[PDB]
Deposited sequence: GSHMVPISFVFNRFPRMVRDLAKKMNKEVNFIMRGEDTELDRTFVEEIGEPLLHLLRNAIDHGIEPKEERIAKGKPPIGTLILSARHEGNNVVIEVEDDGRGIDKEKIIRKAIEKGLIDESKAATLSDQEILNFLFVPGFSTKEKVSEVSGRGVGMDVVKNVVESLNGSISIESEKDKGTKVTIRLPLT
């Protein structure tokens, strides 16, 4: 049915978390009327909650830090669903600090997952996909659930600008 069944839980969760961390967050939900199979509605909640929490906690910076960096004091967190053909696309986008791709590469080298010699030409997708590696509620589990639903997940991010996580599910 409508994804609002999941999305309606989130405003109070988001607001509670932002408050606790001295963040002002404009949380915008779009496409809440988007319908898809009830299995997906029943299961996508916990993964989305992790992404929202990540954005508030790790993404959106404290107001003082936003001001210091010359960003709007209020951060923006957008949760959207839409139809794209026979798939539904769910996006979680924030205008926070972004994911530090350099830090990912440094850790992958440290963990012996890649050699330094390969770092210079790694694609952005290949870098950000290390986030799904176990040990790198967890981001690994987010991907495992999405893929159990025959979905896919990708991440785009730019330092200091923010992060967008995209989930594609079938309508099934």
Stretches of the record's deposited sequence for which the structure holds no C-alpha atoms: 1-4, 141-153
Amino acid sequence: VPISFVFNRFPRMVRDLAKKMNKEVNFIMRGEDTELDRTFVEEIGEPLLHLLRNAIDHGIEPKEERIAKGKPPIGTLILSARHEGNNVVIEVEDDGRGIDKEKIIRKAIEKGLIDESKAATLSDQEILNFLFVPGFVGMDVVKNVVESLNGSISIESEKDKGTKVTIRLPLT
From here on, numbers count along this sequence of modelled residues.
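Here, rigid core means the biggest group of C-alpha atoms that superpose within 1.5 Å across both forms.
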Segment of greater CA departure in 9 other deposited structures of this protein, 96-104 or 80-88, core superposed: 96-104
Larger mean CA deviation from the shown form in 9 other deposited structures of this protein [core fit; 49-57 vs 113-121]: 113-121
Mean temperature factor over C-alpha atoms, higher-scoring stretch between 119-127 and 57-65: 119-127
Of 1-9 and 163-171, the stretch whose C-alpha atoms average the higher B-factor in the entry: 1-9
Highest recorded Cα temperature factor - choice among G31, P134, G112, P47: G112
Residue of maximum C-alpha B factor among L52, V146, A108, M139, per deposited coordinates: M139
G96 - which third its CA temperature factor falls in, relative to the rest of the chain: lowest
CA B-factor placement of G85, once the chain's modelled residues are sorted into thirds: highest
Ranked against its chain, the third holding the CA B-factor of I153: lowest
Third assignment of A18 from its chain's C-alpha B-factors: highest
